[PDB]
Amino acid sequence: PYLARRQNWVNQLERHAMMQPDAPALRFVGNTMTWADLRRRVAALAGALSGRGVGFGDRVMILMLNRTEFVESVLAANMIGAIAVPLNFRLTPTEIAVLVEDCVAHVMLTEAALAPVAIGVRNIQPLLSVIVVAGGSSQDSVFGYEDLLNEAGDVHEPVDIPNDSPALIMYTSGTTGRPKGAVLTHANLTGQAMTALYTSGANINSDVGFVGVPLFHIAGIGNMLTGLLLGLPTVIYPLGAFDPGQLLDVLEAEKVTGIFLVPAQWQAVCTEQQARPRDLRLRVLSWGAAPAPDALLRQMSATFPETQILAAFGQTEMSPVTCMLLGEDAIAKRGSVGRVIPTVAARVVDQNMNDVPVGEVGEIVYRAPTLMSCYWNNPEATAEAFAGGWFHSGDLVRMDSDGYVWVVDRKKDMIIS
């Protein structure tokens, strides 16, 4: 459990397996995985990895779509002190091979659909030695996922994990030269879960989480923070074509209490819900990653009364959520990204790292415990990212008298592109 005064989602998993063994932990395509089941599988994967040389600090690649084995893989790697490296599954074998060489990883946890990709990564980069395939069997110099769990299993020796220990390397999609992997400690992740707690809120007895974005993305991995900390079920939604009717059917059946959607998706869901309503238990609606028309925000409020509407901003692989826009201000301060959250310090600076007058445009820079530790094995990029003692977001913003942040940048047209 919470022994040695540590706080991380591996200790959280143990506490939940002890206190509520048969409680729902993950829901995937209609099947429930309890905390006792998740802990048993994670410990079995951690024992199979530990028996193959994976030790404290080693890097474990993950190349999976949205499925339970993803969460099992992150937790199993962290359980033995290893660093999980989630991968964009749309990357080519060459692009993945470049990442393998950057963090020097010897193990990749993938699934059957992406098995030919991991095979190609090994042929390019022989550093990749152990490929485990979820849903596949042990064949072709590859280990079956279920085959490794059914081995000795739970041979995990209890590992002391300091909170400042690296838990994830989130490589940025910005391929502007040498790759940049943001290192996120458990303390980082805990503090980001805290931001979710004083914005979205929590109900210990009734909440049900939902992750419908890719789990390899920081937004997806972030929607697991609440469920793993508070011991609440999380619905993992398969990635596929967007379907408002099916999504609402699933939200109705799973009794989901909070979901994130982009504004275009919200418009599709609201028109479907206003036409054929589902008995939903939604408590909080989240939007972002696109501007929301004022008519849409009011349609959401009308389609879903008695629900709070939030919009987070600033989270990337390197940065946490930095600004929050609560539905009370989405109309008074429309077009804004909110105010800087109370666990983050921010300045609006110019090219010489000097503060601009209030209301003037500059780059927003951050100081917070929830910032990334560094870029993995890249002191030069890390020094540039933290130039002057503040993290550089690269966003031109403008802070007004009330503390609200307006992000200024030229809009994008999809027809031209």
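All residue numbers are counted from 1 along the displayed sequence.
- Higher mean CA B-factor, judged across 179-187 and 287-295 from the recorded values: 287-295.
- The stretch 138-146 shows the higher mean C-alpha B-factor when 103-111 is compared against 138-146 in the entry.
- Residue-level inspection of the entry shows that, of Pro320, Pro158, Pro166, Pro342, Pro158 has the top Cα B-factor.
- As recorded in the PDB entry, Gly153 shows the highest C-alpha B-factor of the residues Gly220, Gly240, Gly153, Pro233.
- Per-chain ranking of the deposited C-alpha B factor places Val60 in the lowest third.
- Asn352: CA B factor lies in the highest third for its chain, per the PDB record.
- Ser417 sits in the highest third of its chain by CA B factor, as recorded in the PDB entry.
- Compared with the other modelled residues of the chain, the Cα B-factor recorded for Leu396 ranks in the lowest third.
- In the PDB entry, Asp329 places in the highest third of its chain by CA B-factor.
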